[PDB]
Amino acid sequence: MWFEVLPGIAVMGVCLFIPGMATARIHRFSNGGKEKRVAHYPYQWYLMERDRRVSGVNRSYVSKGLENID
Amino acid sequence: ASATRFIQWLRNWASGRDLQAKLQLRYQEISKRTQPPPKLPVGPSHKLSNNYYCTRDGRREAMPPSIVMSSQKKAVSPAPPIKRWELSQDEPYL
Amino acid sequence: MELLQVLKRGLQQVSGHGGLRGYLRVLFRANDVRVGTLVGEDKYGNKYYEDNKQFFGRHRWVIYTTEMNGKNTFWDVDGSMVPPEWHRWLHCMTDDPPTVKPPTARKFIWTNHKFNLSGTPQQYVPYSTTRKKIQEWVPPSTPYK
Amino acid sequence: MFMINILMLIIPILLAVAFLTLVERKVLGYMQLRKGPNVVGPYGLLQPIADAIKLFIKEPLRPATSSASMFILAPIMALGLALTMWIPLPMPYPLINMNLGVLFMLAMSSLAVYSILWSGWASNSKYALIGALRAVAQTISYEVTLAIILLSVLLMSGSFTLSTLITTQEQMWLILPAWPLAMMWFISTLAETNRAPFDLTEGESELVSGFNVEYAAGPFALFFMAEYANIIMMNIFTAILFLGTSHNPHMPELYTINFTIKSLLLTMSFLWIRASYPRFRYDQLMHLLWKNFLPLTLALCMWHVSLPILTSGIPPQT
Amino acid sequence: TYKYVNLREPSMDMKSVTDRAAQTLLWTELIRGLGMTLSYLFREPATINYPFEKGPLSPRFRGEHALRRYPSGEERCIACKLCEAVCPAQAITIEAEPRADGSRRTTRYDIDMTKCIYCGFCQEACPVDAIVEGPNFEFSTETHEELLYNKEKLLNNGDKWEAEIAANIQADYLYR
Amino acid sequence: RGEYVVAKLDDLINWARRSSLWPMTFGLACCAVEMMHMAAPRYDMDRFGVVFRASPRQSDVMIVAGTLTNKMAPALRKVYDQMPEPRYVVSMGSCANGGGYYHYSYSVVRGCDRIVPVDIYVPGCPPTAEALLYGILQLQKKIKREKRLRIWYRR
Amino acid sequence: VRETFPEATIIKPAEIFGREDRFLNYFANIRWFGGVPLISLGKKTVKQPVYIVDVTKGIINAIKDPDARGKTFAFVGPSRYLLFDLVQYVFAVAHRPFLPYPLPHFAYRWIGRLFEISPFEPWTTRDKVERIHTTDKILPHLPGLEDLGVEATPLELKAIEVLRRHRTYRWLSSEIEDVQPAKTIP
Amino acid sequence: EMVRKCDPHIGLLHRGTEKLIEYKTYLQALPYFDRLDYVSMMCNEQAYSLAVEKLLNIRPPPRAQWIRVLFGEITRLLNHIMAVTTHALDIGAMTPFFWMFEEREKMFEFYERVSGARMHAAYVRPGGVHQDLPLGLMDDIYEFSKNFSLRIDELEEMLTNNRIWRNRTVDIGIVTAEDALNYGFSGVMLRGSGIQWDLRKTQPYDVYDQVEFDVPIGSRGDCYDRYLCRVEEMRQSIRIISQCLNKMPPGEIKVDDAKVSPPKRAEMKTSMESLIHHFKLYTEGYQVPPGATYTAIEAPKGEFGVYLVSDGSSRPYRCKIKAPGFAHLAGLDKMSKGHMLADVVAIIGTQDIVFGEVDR
Ligand SMILES: CCCCCCCCCCCCCCCCCC(=O)OC[C@H](COP(=O)(O)OCCN)OC(=O)CCCCCCCCCCCCCCCCC
Ligand code: SF4
Ligand code: SF4
Ligand code: SF4
C-alpha cells in the first residue's frame, strides 16, 4: 500500500534535517552559546575585530559588560 | 476494497471518477476455479441415416479454375462501385 | 476514526503471527505480514493460507518450510518446493485443497517431492537410452595362422 | 569544528540522495499500480545500499576512443559541484554565509553544465555527443529566464543574501505576490536539473543514455549522485525562495523541521511530474522558454521594478 | 458506418476563448493529468508476492512434459509415434522394439525441450494419453544439456507429477 | 581468522550484486513480450531490485529474449562484450535456448550459447512471465553461491 | 615427469606472445612508469618468442602424432631479437614514446621485491625480471614446430593484434605496415 | 538532429518461416502464425485458417465463427494496448504502459483458459477452434469488459488533451491519402488520412457482417490522428465483444467432417473410422485440393494476408505472408522527411511495427 513508501521518506527526511540542526548547534558551541556573528559589511567586521581586542582572550564572542568599566 | 472512506474519497476526487464501481482488481465476482462438468453438443453430421459422406464432401466439390481466355458490348468493372459509407448515428463526431 | 482502526488492524497482525519475533520472521522471510486462514500444511512443512477478501492472486499463499529434503530453506526458497497436490490449489487450477479433495493414490507416485535440482550433484544428465547397434567381430585369442 | 560541520553536511546529503532513489522508485511504482522495491531490506530500505556497493565493485571502463583526462575529470566535477551548491543554503543558518549567495548558486550551476559537455565530448561516441549538445541547447533555453526570474523575486527581498529571504517572508510566503514567477521558476528548475519532461541530455528512449552512455560502475554513480543531489538542492532553493519558513532564533530546529517538510514535498512533486507527462522535443523546450516564459518574465521584471517604487514598499538594502 | 475522431471547431465566444486562455496560462489540463496519477498512488497495487503467491492458471496449461502410466503401473506409451509425426518442431525422437514380454514399447523417447514450442500437439495426437504437458513451469536449468530429456527423465516427471496431472486431465477431458 | 573475514565479505558483495541486477534493455522477439509482463504490475520485477537500463555499460544481465539470427549474432556478441564485469546471461525461451521452432533454418543461430556463455536457461515458447521470474531468482541464488573472495584467499 | 611417465611428450616453448600474454602486454604496460628500465639496456639478451596459436597447433598435432610419444620438442619463433630491439618494436607498434634507460641487475631486483608485496597478481617480480633478461637457449638437437607440421608465425604479423589496444585514440587506426620491423639476429 | 535519410536495415529477425512451412503439414504450419505478429496471435491464426478453409472448400461452424470474432477483438485490444502504450513509452510517458499491461495480463488469462497458453494459443485452426470455451469463461470476459472503457478513459486523461503529447504527435508524420495507397499502406495507416476502408466492413469474414461497429476516421493523417483512431478502435472492440457475448450460439466448435477436423477423443477410442481419421490427420494430415488463394483479414496492425499455394498434397507448396508492417516500414523514409530524431521515434511507434511479421 501507499503508506509503505513512508519509511524511505522518513529516512530521507531525517538525513535532510541533520545538516541544518548540526550547523545551528555547532555555531552555538563555537560562539559561547550564541548565534555566530554575521558580518556582511565592513562596519560589522570592525565591531567584531574590536570585540576580539576587548575580550582579552582573543575571542570576539566573549562579551564584556559593565563589570569591565571602572 | 480495503481502502478507508477518506482514501476512497481522495482518489475519487483526484481522478474525477467513481473508481469503486469499476475496480481493476478482481474479487468475488469472478467464476469459481472449479466448475461442473460440461456436456458438449455434437454436430450436424452425427446421424445414423441419410448421412452419406459423398453428399457432404466439401473437398470433392472444389474444381480447377474456369479458363476464361487462353492462347492455347458495354464496359465492365470487377464489381459494382462501392456504396458510400454513412456517418454513425451512435456518435458521428468524437 | 478509521485511521485509528487501521492502526489496530496493523497492530493485530503482530499478535496474529504469535508476537514480534514471529512477525519479524515472516516480514523478513516473505516480505509480507498479512494474516490468513491456515488451509493446511504439507508433509515438508509448507503452510498454506487463504484470505478471500484479498483480491484474486493475493488470496492464497504459501509460507515455505525452513528445511526441505535436508536443505536449509530459511532464506533460500523457490516455487518448485510446492508439492504437486498443493500446486494445483496454489495456482488456482482448482478450488479444493488436497485436505478436502485428496489426490488419487498410485503405487508409483513419488512419496517424497523434489525441488529443482539443477546446479547440484543430483541434477539430470542426458544420455542415450538405446543399446549398441552394430556388434563388432572379435578376433580369436589363439595364433592359428 | 568547521571541518566537522562540513562532514555533517555532505555525508547527510549523500545519504538523503541514496534514499531519494528508493523513494522515487516506490513513488513511481505506486503511481504505476505496482510496489517498487520491497525485498532488499524491509520495505526496500536496503535497496540503495546494495546499488551503491554494486556499482563501486563493478568494473569501470575507459573507452578506447575516449579522451582519458577529460573522461575522469567530468564525473568529479559533477559531484564536487553538486556538493558545493549546498554550502550557502540557510537551514536556517548557512555553512558559508555569503553576500551574493544567489549569484554564487547561479555561477556554480553554470559551471556544472561542463560536467555534461566534457563527459559527453570526452567519451568520443555519437550518442554521448548528441546528449552533450542537447545540454548546450537546454542551457541556452532556461539560463536567461532563470536569472531574470530570480531578479524579480529579489526586488521584494532587497539583496542577494539567502538568509534575507527568511526575513522577507516572515509575514507571508512570497508565492502569494509572485505565484506567476513561482510557476515559471518551478518549470525552469525542472529544465535546470535535466528532469522529466526535460530529461533530454539522457533521453533514454531516444539516445539510449545520452551523455553518460559510455560510463560504468563508480564513475556512473558519481553522475547519478550529482543529479539527485541537485534535485533536492533546487527544491530547497525553491522552498526558501517562495515558501519561506519562520525562524525562531532560540528554537532553530523548529525552522529546520518545517523547512525540511516543504523541501521533501517539493522533491516529491518532481517524482510526481516524472510519472505523469511525456517528454518535450528539445527544440520545443527552447521555444517554450524563449517565446512564452521570456516575454512574460521580461514584463514581470518590469512590473516588480515599478511595484515597490509605486507602492512605497522598497526593501531595505541591509 | 464511420465516425470522425478529430473534426471539431472550437467555439469563438468570449467565455470559451477565456476558458482556453486560462487552460494555456494556468496549465489546467496538465493539473488534471497530475490528478490521475495521484489517484493511482492511493490505489492498492496489482502486484502479487511471488513465489509465496502465484499467478492463476487453468487445467489446460501447457508446461513441462511427462510420460504417464496406467493404474497398474504399466506405461501408457505404446510407441505409435503419432506425437513424433505431428511435432511441429521435430523435438521428439523415438525408438521401439518388442519388450521381453512381447509388449510394444519404446527404447528411446527424447524430447529436446530447447526445440519444443510447447504447443500441445503431441498430447492431442496421443491415442492413450501417454505423453502430456504437465502444469510445472519452474524448471529452468543452469546448463543446456539439462533440457534434453530422455525417457528416464520423462517417466520420472510422470511419477513426480501424476497426482496433479490426473486431476487436471479429469477437469478437462470432457472438453476434448 | 582470514577465512571468516573473506567468507563474510563474499556474502556482502554477493548480496549487493544479486540484490541489484540491472538487465540490459535488450529483447529480440515474442519472448520479449513476456519480459514486458514481468516488469508490469502483477510481477513488478523492480520490487526485487531488477531494473532495466539501456546502456550495456550500466547493465549486469543480458536476457536473450527471442530468436537470434545469423545477421543479429555479431551485434549480440558486441553488446555482451561491452558489458562490464561481472556480467550474466539468461537464455529465455526455446529460440534462444537451442533454436526452437526455427532450429533447422538457414538463418538462425542454434542456441545463443554458441555466441555467449549462458548462466540460466528458461524453457518455454514463451516462458510465462512467472517462469522468467523464476529464472531471475535462480540467477540470484547462483550469484549468492559465488566464492570469489574465498577462492582468492586460498590461491 | 619424464621418469613417472616415460612416454610423455614434453614441450618447451620460448616466451609465448598472444592477446592475453604476459609478454608483449608486459612490455606495453611498462609505459605507466615513463621510461623503460632494462638490464644493460637490453643489448645482452636475445629472445625468440613464439605465437600462441603455433604452440596450440603443436600441442594438438602431438596428440595425433604417434611419433611424438616420448619426445621432447622446443617451440620457438622464426626470429631471434635483441631484448632492446624487441621492446623498441613493441613501443613502435603501440605508438608510445620509448625512453629506455640502463638499470643494473641489483637495482632491478630491488624493485622486483617492491612489486612482490602485492597480495594480488604482482605487476612484476624478481623472478620475472630474471626470465625476461635470460637469453633464449638454442637447442638444435631437439625437434621443433616444423617437426609437428606447424609453420612458425612471425611476430611482425601478429604484434598489432596484441598491441592495438595499447594505443591512444590518435593511433588506433594505424595499419600493420606503418611500423618498420626489428633487426633480427641472423 | 534533423533526419536527412532513413535506411531501415531489417532481416535481424528473419527466420525463414516461409521456407520452413513447405516442410510442414497444414496443421504443423499453424503455430508459425502465432509467431509473426506475436502481439496479435489469434488474428494471425484466423487469417491462416480462413485461407486453408477456402482451399478446402469447407466452412467452420457458427459457434466457432463467433468465438473467432470474440477472440479476434480481444486480440485487437491486446494489440492496441501494446501499440498505444509503447508508443507513449518511447515518447516519454511511461505510466500508461503499466496501468494497461495489467489489463493485458487479464486478457492473457483468457488465452490461457481456452488454449493453455498465454500467448501462442494455436487455438484457431482450419475447421473452427481447437476446444470449446470452458464453463465460466464468458462471465469473466463480461466482467473484464464491463470495466475496460474506464481504463481507456484514464489513458485518454493522460494523453489526449495533454499539450506535451499533442506537441509530440500533432502534424508529425503526415501521409496523404494518395501516397498511403500507392505505398501499400493499410489499416489505421489509411484511415488516419481519411480513407474509408476496413476489411471487416468491405470484405467481411466469419461473422463480422452480423455485428455493429463504427470505423474511426482521421482528418489530418498524422501521429495524433492515428493515435485517436487506435483509441477509438479499442472502444469499438469492446462494443463488438459485447455483441459476441450476447449472441454466442450453441453447437459444435469445429467442422463436423473428420477428414479435416480430428474426431473427439471419446469417438477416437470407440469407433474404427474415428481412430483411422485421427491417425491420418495427425500423421499425413488432410490433403488440400490444388490451387492458390490470397486471403486477407483486417488484422489489428492492418491488412494481414497469405498467398497460399497448394499442390494437392498435405503440405503447402508455397506460403507467402503479407505483413502490413512490411509496407509501412518501407514508408518510414517518406514519412520522416523534414523531421528531427525524436520525431522518428514517434513515427516508428505510429506505424505499430512488430518485426516477427516484417521479417518472418
Ligand atoms: C495588479 C496587476 C497584476 C499584474 C500581474 C498579473 C500576472 C498574472 C497574470 C498573468 C498570467 C499568470 C500565469 C503565467 C504562468 C506562465 C504561463 C505560461 O508560460 O504557460 C504557458 C505555456 C504556453 O505553452 P503552450 O500551451 O504549449 O502554447 C503556447 C503557444 N505559444 O505552457 C506551459 O508553460 C506548459 C508547461 C509545461 C511543463 C509543465 C510540467 C509541470 C506541470 C505541473 C506544474 C504545476 C505548477 C506547480 C507550481 C509550483 C510552484 C512552487
Ligand atoms: S508441445 Fe509441440 S513442439 Fe513440444 S514436443 Fe509436443 S508437439 Fe513437439
Ligand atoms: S507418447 Fe503417445 S503418441 Fe507418442 S509414441 Fe507413445 S503412444 Fe504414440
Ligand atoms: S521461444 Fe517462442 S515465444 Fe520466444 S521468441 Fe521463440 S517462438 Fe517466440
# chains A, B, ... in the order shown; residues from 1 in each chain; ligands from 1
>>> closest_atom_pairs(of="chain E", to="ligand 3", cutoff="10 Å", atoms="only C-alpha atoms and all ligand atoms", output="Markdown table")
| residue | atom | partner | partner_atom_place_in_ligand_line | distance |
| --- | --- | --- | --- | --- |
| E:66 | CA | ligand 3 | 1 (S) | 9.3 |
| E:67 | CA | ligand 3 | 1 (S) | 7.0 |
| E:68 | CA | ligand 3 | 1 (S) | 8.7 |
| E:75 | CA | ligand 3 | 6 (Fe) | 9.1 |
| E:76 | CA | ligand 3 | 7 (S) | 6.6 |
| E:77 | CA | ligand 3 | 6 (Fe) | 3.7 |
| E:78 | CA | ligand 3 | 7 (S) | 4.5 |
| E:79 | CA | ligand 3 | 5 (S) | 3.7 |
| E:80 | CA | ligand 3 | 8 (Fe) | 3.7 |
| E:81 | CA | ligand 3 | 5 (S) | 3.6 |
| E:82 | CA | ligand 3 | 3 (S) | 4.2 |
| E:83 | CA | ligand 3 | 3 (S) | 4.1 |
| E:84 | CA | ligand 3 | 4 (Fe) | 6.2 |
| E:85 | CA | ligand 3 | 3 (S) | 8.5 |
| E:86 | CA | ligand 3 | 3 (S) | 8.9 |
| E:87 | CA | ligand 3 | 4 (Fe) | 9.8 |
| E:92 | CA | ligand 3 | 4 (Fe) | 8.5 |
| E:93 | CA | ligand 3 | 5 (S) | 9.3 |
| E:94 | CA | ligand 3 | 5 (S) | 7.1 |
| E:95 | CA | ligand 3 | 5 (S) | 9.1 |
| E:96 | CA | ligand 3 | 5 (S) | 9.0 |
| E:104 | CA | ligand 3 | 7 (S) | 9.8 |
| E:105 | CA | ligand 3 | 6 (Fe) | 8.1 |
| E:106 | CA | ligand 3 | 6 (Fe) | 7.6 |
| E:109 | CA | ligand 3 | 5 (S) | 8.1 |
| E:121 | CA | ligand 3 | 3 (S) | 9.6 |
| E:122 | CA | ligand 3 | 3 (S) | 6.4 |
| E:123 | CA | ligand 3 | 3 (S) | 7.1 |
| E:124 | CA | ligand 3 | 3 (S) | 8.4 |
| E:125 | CA | ligand 3 | 3 (S) | 5.7 |
| E:126 | CA | ligand 3 | 3 (S) | 3.5 |
| E:127 | CA | ligand 3 | 2 (Fe) | 6.0 |
| E:128 | CA | ligand 3 | 7 (S) | 5.9 |
| E:129 | CA | ligand 3 | 2 (Fe) | 6.2 |
| E:130 | CA | ligand 3 | 1 (S) | 4.8 |
| E:131 | CA | ligand 3 | 1 (S) | 4.3 |
| E:132 | CA | ligand 3 | 1 (S) | 8.0 |
>>> write_last_selection(atoms="N, CA and C atoms", output="JSON list (two decimals), in the first residue's frame")
[["chain", "number", "residue", "atom", "x", "y", "z"],
["E", 66, "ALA", "N", 5.54, -34.99, -19.49],
["E", 66, "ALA", "CA", 5.63, -36.17, -18.63],
["E", 66, "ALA", "C", 5.06, -37.37, -19.36],
["E", 67, "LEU", "N", 5.60, -38.54, -19.07],
["E", 67, "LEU", "CA", 5.10, -39.80, -19.61],
["E", 67, "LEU", "C", 4.33, -40.53, -18.53],
["E", 68, "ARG", "N", 3.12, -40.97, -18.86],
["E", 68, "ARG", "CA", 2.17, -41.44, -17.87],
["E", 68, "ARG", "C", 2.08, -42.96, -17.83],
["E", 75, "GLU", "N", 3.37, -48.59, -18.51],
["E", 75, "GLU", "CA", 3.44, -47.37, -19.29],
["E", 75, "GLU", "C", 2.28, -47.28, -20.27],
["E", 76, "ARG", "N", 1.76, -46.07, -20.45],
["E", 76, "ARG", "CA", 0.70, -45.88, -21.43],
["E", 76, "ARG", "C", 1.26, -45.89, -22.85],
["E", 77, "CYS", "N", 2.46, -45.36, -23.04],
["E", 77, "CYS", "CA", 3.00, -45.22, -24.39],
["E", 77, "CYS", "C", 3.24, -46.58, -25.03],
["E", 78, "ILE", "N", 2.68, -46.77, -26.22],
["E", 78, "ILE", "CA", 2.89, -47.98, -26.99],
["E", 78, "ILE", "C", 3.64, -47.69, -28.28],
["E", 79, "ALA", "N", 4.40, -46.60, -28.32],
["E", 79, "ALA", "CA", 5.36, -46.34, -29.39],
["E", 79, "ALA", "C", 4.70, -46.25, -30.76],
["E", 80, "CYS", "N", 3.52, -45.63, -30.82],
["E", 80, "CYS", "CA", 2.86, -45.43, -32.10],
["E", 80, "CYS", "C", 3.53, -44.35, -32.94],
["E", 81, "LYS", "N", 4.24, -43.42, -32.31],
["E", 81, "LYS", "CA", 4.98, -42.35, -32.96],
["E", 81, "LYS", "C", 4.08, -41.28, -33.57],
["E", 82, "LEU", "N", 2.82, -41.20, -33.15],
["E", 82, "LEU", "CA", 1.97, -40.11, -33.61],
["E", 82, "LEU", "C", 2.49, -38.76, -33.12],
["E", 83, "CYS", "N", 2.93, -38.70, -31.86],
["E", 83, "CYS", "CA", 3.47, -37.46, -31.32],
["E", 83, "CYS", "C", 4.71, -37.03, -32.08],
["E", 84, "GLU", "N", 5.57, -37.99, -32.43],
["E", 84, "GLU", "CA", 6.78, -37.67, -33.17],
["E", 84, "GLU", "C", 6.44, -37.18, -34.57],
["E", 85, "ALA", "N", 5.39, -37.73, -35.17],
["E", 85, "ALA", "CA", 4.99, -37.33, -36.51],
["E", 85, "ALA", "C", 4.40, -35.93, -36.52],
["E", 86, "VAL", "N", 3.60, -35.59, -35.51],
["E", 86, "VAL", "CA", 2.90, -34.31, -35.53],
["E", 86, "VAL", "C", 3.76, -33.17, -35.01],
["E", 87, "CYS", "N", 4.77, -33.45, -34.20],
["E", 87, "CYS", "CA", 5.56, -32.41, -33.55],
["E", 87, "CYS", "C", 5.99, -31.33, -34.54],
["E", 92, "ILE", "N", 10.72, -34.47, -30.86],
["E", 92, "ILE", "CA", 10.55, -35.80, -30.29],
["E", 92, "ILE", "C", 11.35, -36.80, -31.12],
["E", 93, "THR", "N", 12.04, -37.70, -30.44],
["E", 93, "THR", "CA", 12.78, -38.79, -31.08],
["E", 93, "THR", "C", 12.41, -40.09, -30.38],
["E", 94, "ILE", "N", 12.08, -41.11, -31.16],
["E", 94, "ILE", "CA", 11.54, -42.36, -30.63],
["E", 94, "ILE", "C", 12.22, -43.54, -31.30],
["E", 95, "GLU", "N", 12.55, -44.55, -30.50],
["E", 95, "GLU", "CA", 12.90, -45.87, -30.98],
["E", 95, "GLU", "C", 12.10, -46.89, -30.20],
["E", 96, "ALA", "N", 11.79, -48.01, -30.84],
["E", 96, "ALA", "CA", 10.96, -49.02, -30.20],
["E", 96, "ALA", "C", 11.34, -50.41, -30.70],
["E", 104, "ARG", "N", 4.70, -53.82, -27.08],
["E", 104, "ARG", "CA", 5.16, -52.78, -27.99],
["E", 104, "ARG", "C", 5.49, -51.55, -27.17],
["E", 105, "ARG", "N", 6.78, -51.28, -26.97],
["E", 105, "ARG", "CA", 7.23, -50.25, -26.05],
["E", 105, "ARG", "C", 8.47, -49.57, -26.61],
["E", 106, "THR", "N", 8.71, -48.35, -26.14],
["E", 106, "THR", "CA", 9.84, -47.57, -26.63],
["E", 106, "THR", "C", 11.13, -47.96, -25.92],
["E", 109, "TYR", "N", 12.83, -42.33, -25.98],
["E", 109, "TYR", "CA", 11.80, -41.30, -26.09],
["E", 109, "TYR", "C", 12.44, -40.01, -25.56],
["E", 121, "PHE", "N", 0.50, -30.27, -29.31],
["E", 121, "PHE", "CA", 0.03, -31.14, -30.37],
["E", 121, "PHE", "C", 0.30, -32.60, -30.03],
["E", 122, "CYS", "N", 1.43, -32.88, -29.38],
["E", 122, "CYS", "CA", 1.77, -34.26, -29.05],
["E", 122, "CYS", "C", 0.73, -34.90, -28.14],
["E", 123, "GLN", "N", 0.23, -34.15, -27.16],
["E", 123, "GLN", "CA", -0.78, -34.71, -26.27],
["E", 123, "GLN", "C", -2.15, -34.79, -26.93],
["E", 124, "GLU", "N", -2.44, -33.93, -27.91],
["E", 124, "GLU", "CA", -3.63, -34.11, -28.72],
["E", 124, "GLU", "C", -3.54, -35.38, -29.55],
["E", 125, "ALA", "N", -2.37, -35.63, -30.14],
["E", 125, "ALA", "CA", -2.22, -36.74, -31.06],
["E", 125, "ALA", "C", -2.17, -38.09, -30.34],
["E", 126, "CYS", "N", -1.73, -38.12, -29.09],
["E", 126, "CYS", "CA", -1.53, -39.40, -28.41],
["E", 126, "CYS", "C", -2.87, -40.11, -28.23],
["E", 127, "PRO", "N", -3.00, -41.36, -28.67],
["E", 127, "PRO", "CA", -4.29, -42.05, -28.52],
["E", 127, "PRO", "C", -4.53, -42.64, -27.14],
["E", 128, "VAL", "N", -3.55, -42.62, -26.25],
["E", 128, "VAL", "CA", -3.67, -43.31, -24.97],
["E", 128, "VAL", "C", -3.33, -42.40, -23.80],
["E", 129, "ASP", "N", -3.17, -41.10, -24.07],
["E", 129, "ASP", "CA", -2.83, -40.13, -23.02],
["E", 129, "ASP", "C", -1.50, -40.46, -22.35],
["E", 130, "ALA", "N", -0.54, -40.95, -23.13],
["E", 130, "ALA", "CA", 0.75, -41.29, -22.56],
["E", 130, "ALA", "C", 1.61, -40.05, -22.35],
["E", 131, "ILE", "N", 1.77, -39.24, -23.38],
["E", 131, "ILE", "CA", 2.56, -38.02, -23.31],
["E", 131, "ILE", "C", 1.61, -36.86, -23.04],
["E", 132, "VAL", "N", 1.92, -36.06, -22.03],
["E", 132, "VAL", "CA", 1.13, -34.89, -21.69],
["E", 132, "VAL", "C", 2.07, -33.73, -21.43]]
>>> residues_near_ligand(ligand="ligand 4", cutoff="8 Å", atoms="only C-alpha atoms and all ligand atoms", output="NGL selection string")
(:E and (117)) or (:F and (28-32 or 65-67 or 92-97 or 99-102 or 124-127)) or (:H and (35 or 38 or 119-120))
>>> interface_residues(of="chain E", to="chain C", cutoff="7 Å", atoms="only C-alpha atoms", output="list in words")
residues 48, 51, 52, 53, 54, 55, 56, 57, 58, 59, 71, 73, 107, 108, 138, 139, 141, 142, 145, 146, 148, 149, 150, 159, 160, 161, 162, 163 and 164 of chain E
>>> write_last_selection(atoms="C-alpha atoms", output="tab-separated table (two decimals), in the first residue's frame")
chain	number	residue	atom	x	y	z
E	48	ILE	CA	1.44	-10.41	-6.15
E	51	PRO	CA	6.99	-17.02	-5.05
E	52	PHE	CA	4.74	-17.05	-2.00
E	53	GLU	CA	1.80	-16.18	-4.27
E	54	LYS	CA	1.32	-17.49	-7.79
E	55	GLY	CA	-0.39	-16.24	-10.91
E	56	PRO	CA	-3.59	-18.12	-11.69
E	57	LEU	CA	-3.61	-20.96	-14.21
E	58	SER	CA	-6.18	-23.35	-15.62
E	59	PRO	CA	-6.24	-27.14	-16.14
E	71	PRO	CA	-3.17	-47.50	-12.68
E	73	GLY	CA	1.97	-49.14	-13.31
E	107	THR	CA	13.57	-47.92	-26.09
E	108	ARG	CA	14.12	-44.22	-26.77
E	138	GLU	CA	9.55	-23.77	-12.85
E	139	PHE	CA	12.27	-25.99	-14.30
E	141	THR	CA	18.33	-25.08	-15.63
E	142	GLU	CA	21.93	-23.97	-15.39
E	145	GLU	CA	22.20	-30.29	-21.61
E	146	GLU	CA	19.76	-30.46	-18.69
E	148	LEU	CA	17.49	-32.63	-23.40
E	149	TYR	CA	15.03	-35.05	-21.80
E	150	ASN	CA	15.35	-38.79	-22.34
E	159	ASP	CA	5.81	-40.26	-11.46
E	160	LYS	CA	6.65	-36.92	-9.82
E	161	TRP	CA	3.65	-35.02	-11.20
E	162	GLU	CA	0.97	-37.68	-11.77
E	163	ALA	CA	-1.18	-36.62	-8.82
E	164	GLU	CA	-1.70	-33.15	-10.32
>>> residues_around(residues="segment 129-137 of chain D", least_positions_apart="6", cutoff="10 Å", atoms="only C-alpha atoms", output="PyMOL selection string")
(chain D and resi 113-123+191-192+194+199-203+206-213+282-283+285-286) or (chain H and resi 1)
>>> select_by_dssp(residues="chain F", states="strand (DSSP E or B)", output="PyMOL selection string")
chain F and resi 23-24+53+61-65+69+88-92+108+120-122
>>> write_last_selection(atoms="C-alpha atoms", output="PDB file, in the first residue's frame")
ATOM      1  CA  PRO F  23      19.264  -6.260 -17.150  1.00  0.00           C
ATOM      2  CA  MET F  24      20.127  -4.667 -20.455  1.00  0.00           C
ATOM      3  CA  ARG F  53      18.995   0.085 -18.197  1.00  0.00           C
ATOM      4  CA  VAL F  61      22.490  -9.159 -17.102  1.00  0.00           C
ATOM      5  CA  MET F  62      21.720  -9.850 -20.735  1.00  0.00           C
ATOM      6  CA  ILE F  63      18.377 -11.601 -21.130  1.00  0.00           C
ATOM      7  CA  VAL F  64      18.370 -13.107 -24.618  1.00  0.00           C
ATOM      8  CA  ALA F  65      14.599 -12.948 -25.082  1.00  0.00           C
ATOM      9  CA  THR F  69      19.549 -14.880 -36.266  1.00  0.00           C
ATOM     10  CA  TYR F  88      25.495 -12.726 -16.622  1.00  0.00           C
ATOM     11  CA  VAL F  89      23.415 -14.109 -19.473  1.00  0.00           C
ATOM     12  CA  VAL F  90      19.915 -15.534 -19.108  1.00  0.00           C
ATOM     13  CA  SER F  91      18.677 -17.510 -22.110  1.00  0.00           C
ATOM     14  CA  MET F  92      14.897 -17.146 -22.373  1.00  0.00           C
ATOM     15  CA  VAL F 108      19.100 -18.882 -37.241  1.00  0.00           C
ATOM     16  CA  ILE F 120      20.459 -19.784 -16.806  1.00  0.00           C
ATOM     17  CA  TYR F 121      18.183 -21.344 -19.433  1.00  0.00           C
ATOM     18  CA  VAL F 122      14.469 -20.560 -19.064  1.00  0.00           C
TER      19      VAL F 122
END
>>> interface_residues(of="chain A", to="chain B", cutoff="12 Å", atoms="only C-alpha atoms", output="list in words")
residues 1, 2 and 3 of chain A
>>> write_last_selection(atoms="C-alpha atoms", output="CSV table (one decimal), in the first residue's frame")
chain,number,residue,atom,x,y,z
A,1,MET,CA,0.0,0.0,0.0
A,2,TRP,CA,1.0,3.6,-0.4
A,3,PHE,CA,1.9,4.1,3.3
>>> atom_distance(atom1="atom 32 (O, counted along the ligand's line) of ligand 1", atom2="atom CA of residue 25 of chain E")
6.2 Å
>>> residues_near_ligand(ligand="ligand 1", cutoff="6 Å", atoms="only C-alpha atoms and all ligand atoms", output="PyMOL selection string")
(chain D and resi 180+182-184+186+288+292-293) or (chain E and resi 24-26+30) or (chain H and resi 163)
>>> residues_around(residues="residue 56 of chain B", least_positions_apart="3", cutoff="12 Å", atoms="only C-alpha atoms", output="mmCIF file with C-alpha atoms, in the first residue's frame")
data_model
loop_
_atom_site.group_PDB
_atom_site.id
_atom_site.type_symbol
_atom_site.label_atom_id
_atom_site.label_comp_id
_atom_site.auth_asym_id
_atom_site.auth_seq_id
_atom_site.Cartn_x
_atom_site.Cartn_y
_atom_site.Cartn_z
ATOM 1 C CA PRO B 44 -24.952 -31.854 -37.829
ATOM 2 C CA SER B 45 -23.188 -34.967 -39.195
ATOM 3 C CA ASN B 50 -29.372 -40.111 -44.596
ATOM 4 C CA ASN B 51 -25.769 -39.162 -43.902
ATOM 5 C CA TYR B 52 -23.658 -40.464 -46.786
ATOM 6 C CA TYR B 53 -20.335 -38.664 -46.815
ATOM 7 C CA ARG B 59 -13.241 -31.043 -50.564
ATOM 8 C CA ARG B 60 -14.529 -33.059 -53.523
ATOM 9 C CA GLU B 61 -16.688 -30.157 -54.733
ATOM 10 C CA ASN H 57 -13.992 -25.646 -49.685
ATOM 11 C CA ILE H 58 -15.337 -26.257 -46.169
ATOM 12 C CA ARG H 59 -16.994 -23.933 -43.684
ATOM 13 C CA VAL H 255 -16.357 -28.643 -38.646
ATOM 14 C CA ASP H 256 -18.300 -31.912 -38.413
ATOM 15 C CA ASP H 257 -16.165 -33.561 -41.085
ATOM 16 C CA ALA H 258 -13.492 -35.864 -39.691
ATOM 17 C CA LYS H 259 -11.423 -35.858 -42.882
#
